[PDB]
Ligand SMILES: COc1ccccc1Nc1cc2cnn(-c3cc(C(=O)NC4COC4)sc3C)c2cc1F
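What follows is a single chain, given as structure tokens, in the form solved without this ligand.
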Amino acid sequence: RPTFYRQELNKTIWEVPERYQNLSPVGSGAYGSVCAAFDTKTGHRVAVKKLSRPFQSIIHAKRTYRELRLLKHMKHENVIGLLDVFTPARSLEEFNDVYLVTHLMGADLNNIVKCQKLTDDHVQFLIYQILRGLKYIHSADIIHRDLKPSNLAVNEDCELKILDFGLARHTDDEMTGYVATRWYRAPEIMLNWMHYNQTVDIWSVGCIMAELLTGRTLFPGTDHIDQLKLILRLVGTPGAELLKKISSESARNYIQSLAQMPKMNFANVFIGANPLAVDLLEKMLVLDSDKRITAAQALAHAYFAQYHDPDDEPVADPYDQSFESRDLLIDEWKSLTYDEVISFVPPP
């Protein structure tokens, strides 16, 4: 067991191993508080996240277990990994606090799209890396569910990492009105049309790629219905085949109220873009999720000829998510979480 030291940082007691020095507050969601620190064992600048009220309800206890299982599994160059996890508790009986340690991220894709001029070459390399990371995530039957520019961190070398997996339901309030939290979501999840699957992440990659090419949000809706009208004007209204797959009867009735519209010419929307970029956008931004290109298929598209190497695009170890359908008490979720904290082995 390492030695721990205590300090108060913005009304919060932090108790951390001595290896972690120069703690400085960076942020706080409602899931926890984050400090930047210097890790003296590795020489990395790190983010240390202290979870807030990790075991306060069955829903919160299970979310804590879900987040730790997911971060422990992810071992890929284009995905955030877990550097460390610790608790100052010396037994299960006194276990209350969980701390997670990752690489400290500088810029996100939002910073570079807003404030920098991107060549077609830059767009090929950035989208290539998102798809390499998604081939790995999807091979484990994991869905990210929240891909957007603020969840895609990049370093000076142009090396991209996916972070901030969707691990809890968003609040109705967070998805309401003129907000980036909804602009990247597939229409089947935004309007609860049907059981969704990993195809929702490829819709989000199409939206991000379009914004790198134009410098503008593709579907900046003022609310759910405005955003659906923006989407159907580009891709066309649904045919009989997709309407049959909308399990929601009222959602089907509303769609049929709208005047029919054909798919637009994407060469006339993305004026001057590489024709191979236009072709790949037409294969991602398909309204029927069964017909979208997959991450593995997209990696072999001619747009990525400069970067594609089928011997250096790895898949994940199998991932057991049977816990997701299990009904347990708070103390059972807390015991499962304690076992995952004490069994952690750091990367090489």
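Heads up, when I say rigid core I mean the largest set of C-alphas that superpose within 1.5 Å between the two forms. One-based numbering along the sequence shown.
Per the compared records, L126 is resolved in all of the other entries whose models span it, so no third of them omit it. Among other compared entries that model residues flanking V179, a third or more give it no coordinates.
240-248 and 95-103 differ in mean CA B-factor, and the higher of the two is recorded for 240-248. For the two regions 268-276 and 252-260, the entry's Cα B-factors average higher over 252-260. Take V315, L285, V34, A295 and read off each C-alpha B-factor from the entry; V34 has the highest.
Per the deposited record, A89 carries the highest C-alpha B-factor of all listed residues (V235, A89, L160, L230). Looking at the C-alpha B-factors along this chain, the one for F125 belongs to the middle third. The PDB entry assigns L118 a C-alpha temperature factor belonging to the highest third of its chain's modelled residues.
Annotation for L109: C-alpha temperature factor in the highest third relative to the rest of the modelled chain, per the entry.
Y136 sits in the lowest third of its chain by CA B factor, as recorded in the PDB entry. Ranked against the other modelled residues of its chain, the C-alpha B-factor of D146 as given in the entry falls in the middle third.
Although not depicted, the form solved in complex with this ligand is the subject of the following passage.
Taking non-hydrogen atoms only, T102 approaches this ligand to within 4.5 angstroms in the deposited bound form. At a distance threshold of 4.5 angstroms between non-hydrogen atoms, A295 is out of contact with this ligand in the deposited bound form. Proximity of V179 to this ligand in the deposited bound form: non-hydrogen atoms within 4.5 Å are absent; the residue sits far from the partner.
Using a 4.5 angstroms limit between non-hydrogen atoms, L92 is distant from this ligand in the deposited bound form.
Taking this ligand as it sits in the deposited bound form, the stretch 17-35 comes within 4.5 angstroms of it through a non-hydrogen atom at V26, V34. The residue among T40, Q321, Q297, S28 whose Cα moves by 2 angstroms or more between this form and the one not shown, once the core is superposed, is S28.
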